[PDB]
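Structure at a glance
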Amino acid sequence: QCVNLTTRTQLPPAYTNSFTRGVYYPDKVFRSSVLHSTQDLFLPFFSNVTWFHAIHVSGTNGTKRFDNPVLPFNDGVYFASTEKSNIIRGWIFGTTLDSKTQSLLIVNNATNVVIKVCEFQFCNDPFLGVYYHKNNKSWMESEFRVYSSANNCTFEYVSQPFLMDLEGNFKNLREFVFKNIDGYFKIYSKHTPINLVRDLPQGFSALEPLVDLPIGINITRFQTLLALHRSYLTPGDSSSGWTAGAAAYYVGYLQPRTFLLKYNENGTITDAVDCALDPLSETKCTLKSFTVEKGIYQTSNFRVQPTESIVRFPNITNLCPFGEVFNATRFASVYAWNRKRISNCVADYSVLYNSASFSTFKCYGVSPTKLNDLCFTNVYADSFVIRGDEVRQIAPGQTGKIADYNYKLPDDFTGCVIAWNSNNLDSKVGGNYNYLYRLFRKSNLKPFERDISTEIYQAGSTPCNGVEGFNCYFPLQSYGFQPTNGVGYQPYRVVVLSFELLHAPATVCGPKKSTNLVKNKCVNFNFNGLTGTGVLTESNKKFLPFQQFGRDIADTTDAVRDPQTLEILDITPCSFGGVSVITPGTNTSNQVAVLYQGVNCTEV
Amino acid sequence: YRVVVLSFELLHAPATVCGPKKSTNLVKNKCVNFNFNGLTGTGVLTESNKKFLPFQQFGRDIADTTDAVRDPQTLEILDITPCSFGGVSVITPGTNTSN
Amino acid sequence: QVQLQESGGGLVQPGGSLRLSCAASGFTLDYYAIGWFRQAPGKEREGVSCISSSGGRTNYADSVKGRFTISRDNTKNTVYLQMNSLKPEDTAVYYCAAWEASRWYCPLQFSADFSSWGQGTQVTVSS
Amino acid sequence: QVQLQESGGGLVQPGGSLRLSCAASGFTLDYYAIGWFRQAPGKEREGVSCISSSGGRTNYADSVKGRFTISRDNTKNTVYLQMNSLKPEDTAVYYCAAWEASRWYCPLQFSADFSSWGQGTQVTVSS
Ligand SMILES: *[C@@H]1O[C@H](CO)[C@@H](O)[C@H](O)[C@H]1NC(C)=O
Ligand SMILES: *[C@@H]1O[C@H](CO)[C@@H](O)[C@H](O)[C@H]1NC(C)=O
Ligand SMILES: *[C@@H]1O[C@H](CO)[C@@H](O)[C@H](O)[C@H]1NC(C)=O
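All residue numbers refer to a per-chain count from 1 along the written sequence rather than necessarily to the numbering of the entry. Residues that lack coordinates are not shown. Numbering of ligands from 1 and lettering of chains from A proceed in the order in which they are written. Each value listed describes the chains present in this view, a part of a larger assembly. The side-chain values count all of the structure's non-hydrogen atoms but skip hydrogen atoms and water molecules.

Determination of this PDB entry was carried out by cryo-EM to a resolution of 4.1 Å, according to the record.

Looking up chain C in the PDB entry gives the name Nanosota-4, with the organism given as Vicugna pacos. Looking at the header, the entry is titled "local refinement of SARS-CoV-2 spike/Nb4 complex with 2 RBDs up and 3 Nb4 bound".

The name given to chain B in the PDB entry is Spike glycoprotein, with the source organism recorded as Severe acute respiratory syndrome coronavirus 2.

Following this line, the structure appears as structure tokens:
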């Protein structure tokens, strides 16, 4: 069972420098007197790592509390331990560290190691209550206070302890590397006696492999398991803990790095070099030796990657007579519909959506958000004053009086149905009966068919002969549009837009995103559909009025005409080149010089 | 009746249970087709005096070709050599003189 | 396939509390504002409480202020309300309407078209 | 890798609407003419409807005339059936089949080779 401790209070982070450590055997092969280059997850040289006291006394009173934050686990972790009295005991791994996601424990008592992955319920301060015996004291008893409960256990492993016993300055360094790739939880280990060095010692030490585990879980966050020698019920004034946590543990974060490892005739890594540190090391990696002679070598290449984007594209003056339809005065009757044609215009569909004024927004065949992007060939517009409960019947694949008798909607409908009301504008106190609606027809219609005939339908067997009477009715009845009618009986201004997507030239297109102009900076540019990377400079060339572009002798674009501003701009590809290192023999000096071929010294 | 069911998990997952099958007795100094722990190759096996690290199972030349392999039974690293390929040349005078 | 469904109606005591929810299937409700309306026996359908598409703008009738709390979850696509201290004047049929505002403003004070209507549920307060 | 896949099957009310789609992967469906066919419990594989490769010629069954709609998108390499005014006689397993005109004359109202077949989708109409 877990016992609550005091707050961590978010102690400030502290940094130190790691000098050539974390070098572990990257594979399981034997190499003798050879230089091998490996690209994998490692600790950078002279990298800056975060170090925590096991116990800190930060309060003015002298409160002894642990430095046990839960730290992020990204692409492996290097964990160093300078310790003397066996106070760090294990590690927790997972994503949530709760009863929601599977979590892994490694713990080390005096006898063996225990490794599990289950559904643990983890407390805020897991720890191990460690106490000595009253007679022997040779070993210690550990009471686990790490998790509340465990379920769905999927692995178990017990073997020789990872940490050796430490039972007055023989502090030792345990260097560990933990990685997770392809369901593989790998631990590489090494221990070394240290003397009179508070931080990591300077030197090299190969880290041998210790175990691989097929846990196969997702792990993003981890914590450090530590041991209470004291009592949480009665915290002593001082010395109840272990020398106020002089024992320390260091955390470094691994990255994909390249290393040149030198295997000797033993197959022990006696030296390594990282290729990304400094140009001297880059030269050593590219030449595949630890010593370079006096001369000049070429290591890599730079390209000056662009920093932003620009797009310009001309906008036509006239837009559309959308306001002639949507904001019209008089509308058509439902028996004699008003199709309107829209072509050779730029259609602003952001206006209709941002209007936040139309009740129904249902576009079929085209997503609502993308009307301005893609454009079409021809547009047909209809907009009417239909009753409210007859709104849902304008979408293809439907049944209803209007949906069956008046106007068919083909299933393969690419377009939009967008509706709202017309109460304050199309209703009158005496009722607006100028809209005539059909309820009787001889047969159902076809998609996009129009009938305006006013023939009297024969409900019975005798012919009407255009004259009403028994079993004879006029085709059209008028609606009682009143401002006091209920929601369904209200007048409803509904719009149907039918678009044409054909293998034909496009005459209607959407609004075009045009941005600001940037000069003398490498940028990705899109002029009238031409996309590229370059730096745009003011050009003296003169274009004839009907010309737009310019090419060199070698079929490469070099000059362009800005559509909005009639200036003429020329393009230079963004400066790149090779990088060379001038260096004398490594046996004489370790300083180098860099030379960038065929570029100007401003972009560097 | 005492009944035990053994359910085998065959997925794209690491194999922790395997059958040693028959530990085929070592036959050396004659280039054979060998399959050590999944490595399949052809060549002659000879006793070698190199020392592999306990975790190391492979030995690599300067190139990618593997040379020495550790015996899982009893260590004494064995080394591999492809067994003497070559080419045949025919020394003959003019056929109008002798065959 | 646009469908609106009520959940949580029933019989309670005056002064009590209950929670009603409108769920929906066939389309997403984050774009729509959703209002709650009620029809009493012999009375017209009144506006009980409206909430915007993003939930930042809300409307309560003067008779329902301080007892009703409207809310929505756009992630799971439902709209909730909590009524406390119920009265016999609140017993009626109850509806959820999802639509888009019709005028140039952010609030939802006024009424407009009521795009999609569920079948409703009965809420009864009597003791 | 020639695959014809049916999608959109389900249970619908009589008088409702439904949409079925046949998609082609591993080959071009524009070159083939595609027909929707059916098998009912205890009945034979009857020709419901057909459309030509270009879509300029179509045939329907008299049992589905005036209620069914066949079409195709040759750019998207698919064939659609929309299904309106549904009757309980429309519950069955529906396949899409692609073939080439194996006779003279443009129309496809005769039955013929059906070189490629799908797995089928269930469409049930009952209420
Ligand atoms: C280490 O810290 C110093 C300042 O505290 C900083 O200049 C340096 O960038 C850090 N190390 C790394 C690798 O960033
Ligand atoms: C090579 O091997 C021995 C062990 O056999 C080791 O102790 C020795 O120091 C190694 N040689 C060098 C130069 O490191
Ligand atoms: C480019 O190089 C020339 C030398 O050829 C120099 O005069 C000029 O100032 C440089 N311009 C930039 C921006 O570096």
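Right, picking up where we left off after that structure.
1. Focus: the overall build of chain C
Counting secondary structure elements, chain C contains zero helices and 11 strands. Its C-alpha radius of gyration of 14 Å places chain C within 12% of the 14 Å reference for a compact globule of 127 residues. Over its C-alpha atoms, taken along the principal directions, chain C stretches across nearly 40 × 30 × 25 Å. Note on exposure labels: buried denotes an accessible area under 20% of the residue type's maximum, exposed denotes more than 50%, and partly exposed covers the range between, all computed with a 1.4 Å probe on protein chains only. Residue burial in chain C is summarised as follows: out of 127 residues, 43% are buried. Note on definitions: a residue-residue contact is assigned when non-hydrogen atoms from the two residues lie within 4.5 Å. By sequence separation, contacts in chain C at least 24 residues apart represent 56% of the contacts at least 6 residues apart. The Shrake-Rupley method, run with a 1.4 Å probe, gives the accessible areas here. Residue values count only the displayed protein chains as cover. Counting only carbon and sulfur atoms, one obtains 53% of the accessible surface of chain C, whose full area is about 6400 Å². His residues and chain termini do not enter the charge count, which takes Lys and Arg as positive and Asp and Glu as negative. Charge positions are represented by NZ for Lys, CZ for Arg, CG for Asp and CD for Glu. The average position of the 11 basic charges and that of the 10 acidic charges among the side chains of chain C differ by 4 Å. Helix and strand labels come from DSSP, where a helix needs a run of H or I of at least four residues and a strand needs a run of E of at least two; each type is numbered from the N terminus. Every radius of gyration here is taken over C-alpha atoms, with the globule rule written as 2.2 Å times N^0.38, N being the number of residues.

2. Quick word on the arrangement of the chains
The assembly contains three pairs of chains in contact; the pair sharing the most contacts is chains A and C. One finds no contact between chain B and chain D; the C-alpha atoms of the two approach each other to within 25 Å at their closest.

3. Re the packing of aromatic side chains
Two aromatic rings, taken as a pair, are described by how far apart their centres are and by the angle between their planes. Residues and elements named next belong to chain A. Note on aromatic pairs: the rings of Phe, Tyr and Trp (six-membered ring only in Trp) are paired at centre separations within 6.5 Å, and the planes decide the class, stacked below 30 degrees, edge-to-face beyond 60, tilted for the rest. One pass over the full model with this rule turns up 54 aromatic pairs over all chains. Within the aromatic cluster, the residues linked to one another by ring pairs are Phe 52, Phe 73, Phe 79, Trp 91, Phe 93, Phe 176, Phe 178, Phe 185, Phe 222 and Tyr 249. It is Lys 84 that lies over the ring of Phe 170; its NZ or CZ is 3.3 Å from the centre. As a reminder, the over-ring test applies to NZ of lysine and CZ of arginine, requiring each to be within 6 Å of the ring centre and within 35 degrees of the ring normal.

4. A few points about the UniProt feature "disulfide bond" in chain B
Residue and element names in this part refer to chain B. Counting rule for disulfides: a pair of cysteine sulfur atoms within 2.5 Å. UniProt positions are given in the numbering used here, feature names are shortened, and annotations may be inferred rather than shown by experiment. Sulfur atoms bridged by a disulfide sit less than 2.5 Å apart; for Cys 31 and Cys 83, annotated as such a bridge in UniProt, the distance of 2.0 Å is consistent with the bond. Of the two residues, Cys 31 sits in the segment before β1 (32-36) while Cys 83 sits in the segment after β5 (78-81), which places them 52 residues apart along the sequence. By relative accessible area, which is 34% here, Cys 31 ends up partly exposed.

5. So, the environment of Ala 63 of chain B
Residues and elements named next belong to chain B. Within the fold, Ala 63 resides in the loop between β3 (58-60) and β4 (66-69). The exposure class of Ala 63 is partly exposed, given its relative accessible area of 47%. Each C-alpha atom, one on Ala 63 and one on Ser 23, is 31 Å from the other, the two residues being 40 residues apart in sequence.

6. Observations concerning the pairing of strand β3 (residues 17-25) of chain D
Consecutive side chains of a regular strand alternate in pointing toward one face of the sheet and then the other. Residues and elements named next belong to chain D. Alternating residues of β3 divide into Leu 18, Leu 20, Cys 22 and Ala 24, all buried, and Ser 17, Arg 19, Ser 21, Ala 23 and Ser 25, none buried. Across five bridges, the pairing between strand β1 (residues 3-7) and β3 is antiparallel. Within β3, the position partnered with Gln 5 by the bridge is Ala 23. Following DSSP output, two strands are said to pair if at least two bridges run between them.

7. Description of the nonpolar core
Membership of the largest hydrophobic core comes to 49 residues, with the highest contact counts inside it found for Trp 91, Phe 93, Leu 104 and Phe 185 of chain A. Among the elements that make up this core, the one with the highest residue count is strand β18 (residues 221-228) of chain A (five residues). Definition used in this section: a nonpolar core is a set of buried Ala, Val, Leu, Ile, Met, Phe, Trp, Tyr and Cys residues joined via side-chain atoms within 4.5 Å.

8. Structural notes on the state of the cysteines
Disulfides are covalent bonds that connect the sulfur atoms of two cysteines. Residues and elements named next belong to chain A. According to the stated counting rule, one finds 10 disulfides over all chains in the structure shown. Disulfide pairing places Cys 375 opposite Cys 509 at an S-S distance of 2.1 Å. Judged by the torsion about the S-S bond (45°), the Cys 375/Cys 509 disulfide is right-handed. Residue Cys 375 is located in the loop between β26 (360-364) and β27 (379-387), and its partner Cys 509 is located in strand β34 (residues 508-509); the two are separated by 134 residues in the primary sequence. Residue classification places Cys 375 among the partly exposed residues on the basis of a relative accessible area of 30%. The disulfide bridge from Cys 522 ends at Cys 574, spanning 2.0 Å between sulfur atoms. Here the disulfide of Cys 522 and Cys 574 is right-handed, its torsion about the S-S bond being about 100°. Within this pair, whereas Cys 522 is found in the loop between β34 and β35 (523-527), its partner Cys 574 is found in the loop between β39 (568-572) and β40 (577-583), the two being separated by 52 residues in sequence. By relative accessible area, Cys 574 is classed as buried at 12%.

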